[PDB]
Participant: 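Questions regarding the structure given below will be posed in turn.
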Amino acid sequence: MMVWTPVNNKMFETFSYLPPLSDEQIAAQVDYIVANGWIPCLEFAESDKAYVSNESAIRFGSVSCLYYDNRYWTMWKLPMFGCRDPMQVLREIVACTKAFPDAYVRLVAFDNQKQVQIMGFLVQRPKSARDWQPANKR
Amino acid sequence: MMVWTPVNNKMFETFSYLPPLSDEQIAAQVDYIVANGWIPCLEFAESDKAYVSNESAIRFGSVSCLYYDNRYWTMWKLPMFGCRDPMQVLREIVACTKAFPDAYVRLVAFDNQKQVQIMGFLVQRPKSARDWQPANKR
Amino acid sequence: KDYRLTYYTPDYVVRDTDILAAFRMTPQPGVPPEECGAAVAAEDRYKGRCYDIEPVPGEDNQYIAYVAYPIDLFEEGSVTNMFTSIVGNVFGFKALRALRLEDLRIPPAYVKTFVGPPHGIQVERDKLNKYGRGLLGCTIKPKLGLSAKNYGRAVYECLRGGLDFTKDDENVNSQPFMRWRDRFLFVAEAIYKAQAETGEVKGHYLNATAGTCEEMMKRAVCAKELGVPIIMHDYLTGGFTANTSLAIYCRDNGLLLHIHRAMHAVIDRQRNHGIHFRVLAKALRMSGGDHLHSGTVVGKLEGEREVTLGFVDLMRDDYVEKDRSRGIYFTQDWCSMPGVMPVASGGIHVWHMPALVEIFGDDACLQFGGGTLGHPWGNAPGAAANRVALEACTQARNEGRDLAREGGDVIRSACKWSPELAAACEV
Amino acid sequence: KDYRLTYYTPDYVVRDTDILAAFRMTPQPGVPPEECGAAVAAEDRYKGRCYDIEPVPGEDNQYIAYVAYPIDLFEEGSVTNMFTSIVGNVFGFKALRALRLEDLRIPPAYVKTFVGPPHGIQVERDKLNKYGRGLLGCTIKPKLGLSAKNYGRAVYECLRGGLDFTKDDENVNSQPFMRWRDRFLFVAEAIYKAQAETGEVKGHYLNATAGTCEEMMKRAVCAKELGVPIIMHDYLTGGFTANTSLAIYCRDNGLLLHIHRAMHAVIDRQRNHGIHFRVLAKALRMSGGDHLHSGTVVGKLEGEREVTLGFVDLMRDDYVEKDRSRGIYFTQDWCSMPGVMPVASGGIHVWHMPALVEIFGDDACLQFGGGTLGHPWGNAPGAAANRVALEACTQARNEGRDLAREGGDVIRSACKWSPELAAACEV
Amino acid sequence: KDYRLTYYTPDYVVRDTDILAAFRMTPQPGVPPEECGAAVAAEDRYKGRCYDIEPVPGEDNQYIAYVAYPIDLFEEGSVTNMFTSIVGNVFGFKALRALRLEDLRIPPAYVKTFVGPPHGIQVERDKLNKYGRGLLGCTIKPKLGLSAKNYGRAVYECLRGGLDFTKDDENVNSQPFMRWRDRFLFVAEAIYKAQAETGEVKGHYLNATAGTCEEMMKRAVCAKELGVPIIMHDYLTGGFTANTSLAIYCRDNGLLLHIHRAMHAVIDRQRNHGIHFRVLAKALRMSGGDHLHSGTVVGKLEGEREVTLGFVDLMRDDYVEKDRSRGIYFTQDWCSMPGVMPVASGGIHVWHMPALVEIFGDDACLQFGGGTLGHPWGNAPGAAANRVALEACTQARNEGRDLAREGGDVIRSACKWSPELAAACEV
Amino acid sequence: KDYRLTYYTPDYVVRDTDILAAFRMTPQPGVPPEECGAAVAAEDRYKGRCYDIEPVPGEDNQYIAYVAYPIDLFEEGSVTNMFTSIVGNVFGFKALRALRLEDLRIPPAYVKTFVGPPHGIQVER
C-alpha cells in the first residue's frame, strides 16, 4: 500500500500522468494532428509562469471565478500552417529548448474550421526544475 | 522572571506545550484510541503546509471568517480500521518519516458512530525545520 | 378533442418557425389513428395540427403522430411555457391509452430567444485549461453522514490524485449533519489546496439546489465570493424556472453550471408512455447548463447505445441531421447555441475506459463514484489510476489503435510502469 | 384561574407534540394542590392541562405540577412566543406563594422549527482545528478603563502564550474610554499577530451586544469584514429577539456566537421562585449560540455538581433521558440540533484543572480571568501555565490515571520540566 | 468581591452625573453589612462605590446599600448596557443570601442620551383627540382559537359600543389558527368600520412581538401601511434591544407603542430578591413605550396602593421627589422626557370605576377584559356600560363629589337613564 | 442496490419522525420481492430501510414495499430535497421493471418545518 506524493509533484493536464513522451510518441501525436486539419504550435513558460496562480486577483472585486494566471504561455514562433511533416515540428522542440533551457514546452493544436484550441500536452520539462517527480511517485 | 519567546516558537494544537512524546507515550494514546471504537490515522505536511495561512483569501469577497489554509494535511495511507494493536500504528510513524524526512506528522482519530474527527496531536517533528523550540522556550 | 377535419391536415407544409413534436401514440381499442392523432393536436392561426401519422414497425397498436405548432403559442425564453403548451394537457386524454413525446424540433427563430448554457463546451474547456482528453469526476462516496470537514478531506484526496472534479450527491443540499455553508468552505479549502499541489485547475460541483429561489441564489452568491469554479443544480426537481434563473446568474458571473437529472426515470423510463430524455436534454440546453448527466453506456446492448449516441449529439452539436436509427426524428439546427458536455457514469472499474473513450471521445465528463473510493490504497492512488488509464487510452487512440479490440492490451501496458493502476488492475 | 375540572386532567395521556412544563409550586396556606395546579395550567383544543402533581420530599408545602401544552399555542421559530405563553402571566397569580418552572420538554416537532445554533460543537471544533482537549479562555482583566490599544496588547500577550480565546467583559460594549470600533481593530491586529506567531487559530469574543438591533448588526458586519472568528452576545439583557436575529446572521455568514448570561441570577438563583437555568439553557440552544457560560463547578458541593452535569448534557447531547437526580424532569430528544459548548469559569489557580477535565471532558471551554493575569511573570507565561496544565491533565486521562486522586501528582510532574507552570505552582 | 476599603466610601459625595442604585441586601449569617455592601459595589475612576448603608425597620437581617456609578461606565442610549453593568453579575454573589435592586437614579446627563417614548401622554392624547377622561380598553376574550375574521368581529363590536382601544393577547403573535397578517387586516377593517360609525378615533394594539428583529419590523411596516394607530410589544420577553429598535421605528413613522409586561412577576414578585417593577418601569421609559401595564390597584391593601402610586408617578411625571413611603428612594428629574400612560387592569365589574378614577385621574388607560365580554347583552352594550360609567364618574369628580364615598350613588344615578349600565348594575 | 440484510428490516419499528413511503413495485422475472424491496430502500443512521412487503391482490407480480426514512435525510422546508431523496434515483433501477410511489407519510416534525399554503380554505373563505 503506497502513498501518492504531495511534495514536488506538479503536473500538466494532458499526458502528465504518463512517463515522458519519446520522439516517436511525439511524432505519433503530430500524425494525429495532421491526419485531420489541425495546426500544431509550440508554447513555453519558465518555472514561475508554468503552473496556475492567483496573483492578479489582488486587483479584483469579487470577479475571481474561473480566473487564473499562467494559463497563457508564450507562443514559440507561429502556428505551423500547412504542416504535413511531423519532423518539422520535432525540430522546433529541440530549437526551443536550446533557446530556453529552463523552460517547459507544450505542443498545442488549433482547429481551422472551428477556430479554437483542440489539444494541448506537455512535450518537454527542464532539467533545472525540481517541481516534478520522475514517474516513480508512489 | 522570564519571557516566553516569540521567535521560532510555532505550535500544533494538542500536546505541543508538552515535551515530545516518547514511543511509550504515543502507544499510551493509541490504547486510549482503541479502548473505545476510534480509528487512528496519520497525516503529514511539509514546512510550508504545516501551520495556518491566509493565502487563498486573495480570491475572496468578504467570506473570510473561519476560513484558513493548512488545516488539511495529507493522509498517510488509510485509517486503521479494526486496529487493536498500538504497535501497528507506531510502525507507520517510522515508515512515514522515512518517506518524508522533512515533514511533520500528526495522529488523528475518527469516531465511527458519530462520523467526525475526535482527537489530533502531533507525533513527529522534522529535524530540518527551525520553526519550534526544544521545550526550553523560557 | 378534435373533430378530425380541422386538426388533421396531412396536406399541410410545415413552417421554418414551427415547433414540431413527435408523439408515440397508443389508442384505445376502436379509436382510429387519425382521430386520435388530431386529438393530440387539438388538446385557426393558433391551432396545433397533426400533419403526419406513421405506423411503428413491430408494434401493432402504436403510431407516430407529428404535430406542428405555430411559434406564437410560446413565450420568448421560457421552457416552462414550452412544456406547458405541448405536454400540459394531452397525456390525460381518454381516447389514447398511452402517449410518449419522443422528439421535438425547436426552430432557429425560437432557439435564439433563449439565453442558453452559460459557457458551453468550448468556453469551459478554455477556462479550465484542460484539452485533448475527457474530463474526470468522482462523487464523494458516502452520500450522507459526513461532517463538513471530513467531506472536504474526501474531496481533497480525490482531486489530489489526478481528477478534475468532485461532486456533491444530489440529495446533499443542507441537512442537520452538514449544513450547506460549512460544506462550501471545506470544499473551497480542499479545492485551493489540491490545486496548489498539482498545479492544475480543480473544482467541486457545489449543490446549489435549494428550497426557494432565494436560498438557491444565496448558495450561488457564496460560490461567487469564494471564487470556486462550478455549482450544480437538480433541474427536474428544482424545476425549469429555478434552473433558468440560476443559469442566467451563472452567465452573469462566470460560474459554471453542472446539471444533475434527479427524477428523470419517473418521466423517461417507460417506452409506451412519458417524455423521452432527448426532449428533456434539448430543453436543458435551451434553459441552460454546462454539464448534464447523460447516463451509462457500458453494460448495455447496442440498441440503447445508438439511442444514447443520438441524444449526446443533440447536446453537443450545432446541426443534427434526421436519423431514425438513433431516435432523432427531426433536424435540429442549434444556431450557434453552445454545447452541453455530457457526464457519463463510468463503471465500477477502469476496464470500461477504452469503451468510454471510443463512444464519447474527448467532449465528455466521466464519473467513477466507486472507482476512486474502492481502490485498495485510497482516494489519491485511486484517482491516479483512472487518470493514468484515461490518458493511456487517449494516447492509444491518437496513435491509431482500435480501443474496441486492443483496449485491454493498452491498460495492461500501463499496469507495468504505474503501480497505482496495477493495484486496480489486480482487482 | 381554573375551576379544577377542565384544567386538572390526571387521566390524560400526553402527546408527542405537546410542550410539557414542570412547575415547582408553593400554594398559599389553605389552597389545595390540585386547584393550585390547575390554575397554573389555566393561566378546549388550546387549553394547557395539569396532568400530574407530585409532592416534593422534605418540603411540606411544595409540589411539582406537570402541565402539557398543545403545539398550536406557539409560533414556529420563536423563543419569545414560547416564554410568553408559558411564564408570561402565571407567576403573578395570587393563590400560589412562589412558583419555579424547573424543566421544559420541547417536542421534536417544535425543535425542528428553529434554526438553532449556527455551528455547534462539532463544526466549531472542525473550523478552529482544535481537537482532543478542552478549549481555554481568559477575560481581559480590567473590565473597563483601558484604551483600545492597551486592550489588544492584553489580548495579544494572552493568545500568544497558548490560549485559544480571549473575552470582552460583558459590560464592555461601547463607552467613552473605548469605543467599540476602535476595539475591534486592535483586537483583530492582536488576533492576527498572535495567530501568525503560534501558527494556531486564535479568537476574541468581540461583544456585539448593543443598544438597538441596528447597532448590533453593525458591530457584526464589522466582525464579518475583519474576518475574525467569533462574537459574543448578552442574551438575557439583549433579549431573545435580538439573540435569534444575531444567531441567524451568524449562521448566514459563518461567524461563531459566544453567549454570555448576564442577569441570570436575577431569574435562576432562588429555589422556591423563578426560572431555573436548565430552562434558560434549553431556550438558548433553540434560539442559538455556539458557547454558553454554564458556571463554575469547583468550590461546590456534589448536589449542585449533579445538577450542573444535568444542564450541560441538555446543552451538548442529542438525547437526554429522564433523571430526577440530575434535575432532568423529562426526556429531551434534540433531533440533530447541534450542541452548545459550555463555558466553565475555572478557579483562581491551575490546581482546579484536574477537577474540570474529569467533570467536563473535552467539549468545554474553560476560563481563567484571573489565572492568566495573576501570574508573577505576566500574561504570556501565565497563558502557557494553563495550557501546559490542561494538556498534562488531558494526557493523564488518556493514559488512564484517576484525576480525582492522582491529579496533584500530574501537575507536580509538569512543574518539573516547565518553568512557567512551576512559577504558578509556587503561588 | 471587595476589600471593604476602596468600595465602601461613606465620606463620598455623589455627583449629579452619577447613576445611583439602591439594593435591598440580605447577607449570609456572619457577613458584615459593610463588607457585603462594598461587594455589591465591587462586582478608581470606574469603580462603583457603596456610599450609604441603612437598616430596614422590622427586618433583622436586611439592609439598603446605596451604590453610585460613574457615567462613563455606560453606553449612550442603551438600556441593555445599563442593566448589564448594574445587575449583570451581583445577584450570583455568595456572601449575600438575597438581593433586590429597589430603585435607580438616572441622572439628567444620561436621560438625555436616550430617544425615549415615541410620543408620550401629551402627544398621544392630542392625536387621538380624547381629552378629560381616562382611556378605555378591552382584551379580546378568548386569547387563542378564533379565526382572524371572528377576531375582528369581536374587535368591531367592542370599539363600536364606546371603547377607545381593543387589545391582542400577548401570546397572540402568529399561530397556525390565526396568522399575524390575516389578523392585521380584519383588525383594520374592524377599526375603520367602528371609527366611521361612532365618529371617534379607534385603535387596536396589534402585537408586533415576533421571533426575530426582522419579523418584528415586518409586522410594524404592515401597521404603518394600513395606517392603523398603535402596535404593542412584549419587552421583557422580546428584550430591550428589540424594544428600543421598535420604539425608534415608532417615533420615525408616527405609530404609537403600547408596551405589555409579560414575565414581570418572574423578576419583580418576591420581596427579598429580584428587580422591583419601578426599576423596570423607569427602564421602559428610557427605552421607550407609549403605554405600560402598571397593574391592578383594586382588590389590594393600601400599602401596595401607595407603592403603585409611586411607580406611576415615575412613569408620568417630569420631576419626582424622594418619598420613602411610596418606595421612591431617589429624586428623579426626567428632563422633559415624555410620560408613559399607565394601563390599569380594571376589575370584573363597573363598580371599581370610582376607585380607578380617584386613584389614577385622567392619564391612565383602563382595561376590562371580562367587563365588556361578560355583559349579558354582548360586546357593544357592555362597552357602552363601561363608557357610561367612566364618564359618569368623571363628571362627579369635576362637580366635586367624593368618589371614595359617593361613588356608589353616582353609578346608581346612571343605572336609571341608561339601560345598558343597568343590565350590568343588575349583575 | 442492497445486500438484503441491512436494508430489509422487517423486525424494525418505525419512528414518529420517520418519513414513510409506499412503493408499488414490479420486479424483473426471477428477482425476489425482498431483494427488490431492499434495493428500493438502499438506492446506518442514514439508511432507508424497507420494513414491510405485501402482495397486491389480483396482480401476480406486484408488491407494496414500505420504506422508512430518517428525518435527518431532509432539508427543513424543502419539497425539492424531499423528492430528490425519495424518487431521485430509484426508478432507473434495473432489477425492477416498473415502480410507482403510491403514498408518503409526512411526519408532524417535518410538516412543521414548512410554511405551507398562504391562507388555506378557512381564511380564503
Side-chain angles (χ1 to χ4, degrees), chain C residues 14-21 43 45-46 48 67-89 101 103-124 208-210 212-214 216-217 220-221 224 231-261 264 267 275 277-292 311 314-320 330-341, chain F residues 80:
Chain C
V14 304
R15 295 183 183 95
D16 57 350
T17 53
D18 276 332
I19 279 84
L20 310 184
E43 297 169 346
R45 289 174 60 191
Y46 300 99
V67 179
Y69 299 97
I71 196 168
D72 286 333
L73 305 191
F74 302 106
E75 182 165 354
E76 298 85 357
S78 181
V79 175
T80 308
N81 203 167
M82 184 186 67
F83 275 179
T84 305
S85 299
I86 296 164
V87 295
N89 291 319
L101 177 60
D103 202 7
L104 281 174
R105 202 276 307 266
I106 314 297
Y110 181 63
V111 178
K112 290 290 286 185
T113 66
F114 295 44
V115 167
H119 303 284
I121 283 174
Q122 304 301 114
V123 168
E124 171 189 355
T209 292
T212 55
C213 297
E214 294 87 16
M216 186 196 75
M217 287 298 176
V221 163
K224 178 191 167 63
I231 58 174
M232 58 170 284
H233 180 76
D234 283 320
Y235 80 122
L236 293 171
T237 58
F240 289 104
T241 300
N243 192 191
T244 310
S245 303
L246 186 66
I248 279 170
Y249 180 87
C250 290
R251 171 74 72 80
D252 290 334
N253 295 313
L255 290 164
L256 298 170
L257 183 57
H258 181 80
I259 293 292
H260 189 267
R261 57 162 194 181
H264 71 99
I267 302 165
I275 302 172
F277 183 72
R278 74 177 71 87
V279 180
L280 300 174
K282 288 191 180 184
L284 188 272
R285 192 178 183 173
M286 293 163 62
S287 176
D290 284 317
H291 297 164
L292 181 66
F311 65 83
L314 295 174
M315 290 170 62
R316 293 191 298 189
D317 289 334
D318 193 74
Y319 186 80
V320 177
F330 301 107
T331 305
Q332 185 65 46
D333 189 5
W334 286 104
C335 201
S336 300
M337 181 177 273
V340 185
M341 188 178 287
Chain F
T80 309

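First the proteins, then the strands, lettered A, B, ... as listed; each starts at 1.
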Participant: The criterion is side chain to side chain donor-acceptor pair (under 3.5 Å); which residues satisfy it with C:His119, sequence neighbours excluded?
Facilitator: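 Checked C:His119 against side chain to side chain donor-acceptor pair (under 3.5 Å); zero matches.
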Participant: Establish, yes or no, whether the cationic atom of C:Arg261 lies under 6.0 Å from the six-membered ring centre of C:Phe277 and within 45° of the ring axis.
Facilitator: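 Yes, C:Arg261 sits over the ring of C:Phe277.
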Participant: Spell out, as yes or no, whether a donor-acceptor pair under 3.5 Å connects the side chain of C:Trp334 to the backbone of C:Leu314.
Facilitator: yes
Participant: Which heavy atom of C:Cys250 sits nearest to which heavy atom of C:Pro118, and what is that distance?
Facilitator: CB-CG, 3.8 Å
Participant: Determine the minimum heavy-atom distance between C:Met337 and C:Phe114, stating which atoms define it.
Facilitator: CE-CB, 3.9 Å
Participant: For the pair C:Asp290 (side chain) and C:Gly120 (backbone), establish whether a donor and an acceptor sit closer than 3.5 Å, ignoring hydrogens and angles.
Facilitator: yes
Participant: Distance from C:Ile19 atom CD1 to C:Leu73 atom CG, nearest 0.5 Å?
Facilitator: 7.5 Å
Participant: Do C:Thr244 and C:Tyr235 have side-chain heavy atoms sitting under 4.5 Å apart?
Facilitator: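 They are not in contact (no side-chain heavy atoms under 4.5 Å apart), so the answer is no.
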Participant: For the pair C:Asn81 (side chain) and C:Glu75 (backbone), establish whether a donor and an acceptor sit closer than 3.5 Å, ignoring hydrogens and angles.
Facilitator: yes
Participant: According to side chain to side chain donor-acceptor pair (under 3.5 Å), who are the partners of C:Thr241, at least two apart in sequence or on a separate chain?
Facilitator: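 C:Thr80.
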Participant: Provide the closest heavy-atom pair for C:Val14 versus C:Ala68 in the form atom of the first, atom of the second, distance.
Facilitator: CG1-CB, 4.5 Å
Participant: State, to 0.1 Å, how close C:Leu104 and C:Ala21 come at their nearest heavy-atom pair, and which atoms those are.
Facilitator: CD2-CB, 3.9 Å
Participant: When you measure from the side chain of C:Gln332 to the backbone of C:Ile106, do you find a donor-acceptor pair of N or O atoms at a distance under 3.5 Å?
Facilitator: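 Checked: pair present.
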Participant: Can you name the residues that form a side chain to side chain donor-acceptor pair (under 3.5 Å) with C:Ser78, not counting sequence neighbours?
Facilitator: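 If we apply the side chain to side chain donor-acceptor pair (under 3.5 Å) test to C:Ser78, skipping adjacent residues, there are no hits.
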Participant: Got a second to check how far C:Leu284's CG is from C:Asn243's CG, nearest 0.5 Å?
Facilitator: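 Reported value, rounded in 0.5 Å steps: 6.0 Å.
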Participant: Side-chain contact, heavy-atom cut-off 4.5 Å: C:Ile267 with C:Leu280?
Facilitator: yes
Participant: Looking only at atom types and distance, does a side-chain atom of C:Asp18 sit under 3.5 Å from a main-chain N or O of C:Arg15, one as donor and one as acceptor?
Facilitator: yes
Participant: Between atom CG of C:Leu256 and atom CE of C:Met232, what is the distance when rounded to the nearest 0.5 Å?
Facilitator: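 Interatomic distance, C:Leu256 CG to C:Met232 CE, rounded to 0.5 Å: 14.0 Å.
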Participant: Can you check side-chain contact (heavy atoms from CB on, under 4.5 Å) on C:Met217 and C:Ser245, steps first, answer last?
Facilitator: CA-CA 9 Å; C:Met217 287 298 176; C:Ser245 303; 4.0 Å; yes
Participant: Is any side-chain heavy atom of C:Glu76 less than 4.5 Å from a side-chain heavy atom of C:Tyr110?
Facilitator: no
Participant: The criterion is salt bridge (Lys or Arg N to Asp or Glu O under 4.0 Å); which residues satisfy it with C:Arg285, sequence neighbours excluded?
Facilitator: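 With neighbours one apart ignored, the set is empty.
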Participant: Do C:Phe74 and C:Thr113 have side chains that get closer than 4.5 Å, going by heavy atoms?
Facilitator: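 Contact flag for C:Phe74/C:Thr113 side chains = no.
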Participant: How close do C:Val67 and C:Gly48 get, counting heavy atoms only, and between which atoms?
Facilitator: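 Closest approach of C:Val67 to C:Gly48, heavy atoms only: CG1-C, 4.3 Å.
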Participant: To the nearest 0.5 Å, how far apart are OG1 in C:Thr331 and CG in C:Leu20?
Facilitator: 9.5 Å
Participant: Quick check: are there more than 12 heavy atoms from other residues, nucleotides or ligands sitting under 6.0 Å from CG of C:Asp318?
Facilitator: yes
Participant: Side chains of C:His291 and C:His260: closer than 4.5 Å at any heavy-atom pair?
Facilitator: no
Participant: Taking atom CG of C:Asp234 and atom OG1 of C:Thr209, what is their separation to the nearest 0.5 Å?
Facilitator: 4.0 Å
Participant: Among residues at least two apart in sequence or on other chains, which ones pass side chain to side chain donor-acceptor pair (under 3.5 Å) with C:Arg251?
Facilitator: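 Side chain to side chain donor-acceptor pair (under 3.5 Å) list for C:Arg251, sorted by chain: empty.
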Participant: For the pair C:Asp333 (side chain) and C:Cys335 (backbone), establish whether a donor and an acceptor sit closer than 3.5 Å, ignoring hydrogens and angles.
Facilitator: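 Yes; at least one donor-acceptor contact below 3.5 Å.
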Participant: Which heavy atom of C:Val340 sits nearest a heavy atom of C:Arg316, and at what distance?
Facilitator: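 Minimum heavy-atom separation between C:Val340 and C:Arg316: O-CG, 3.5 Å.
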Participant: Enumerate the residue pairs fulfilling salt bridge (charged side-chain N to carboxylate O under 4.0 Å, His left out) with a member in residues 103-124 of chain C, sequence neighbours excluded, ordered by first and then second residue.
Facilitator: C:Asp103-C:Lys282
Participant: Quick check: do C:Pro117 and C:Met286 have side-chain heavy atoms less than 4.5 Å from each other?
Facilitator: no
Participant: Is the shortest heavy-atom distance from the side chain of C:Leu246 to the side chain of C:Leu257 under 4.5 Å?
Facilitator: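 C:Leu246 vs C:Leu257: side chains touch.
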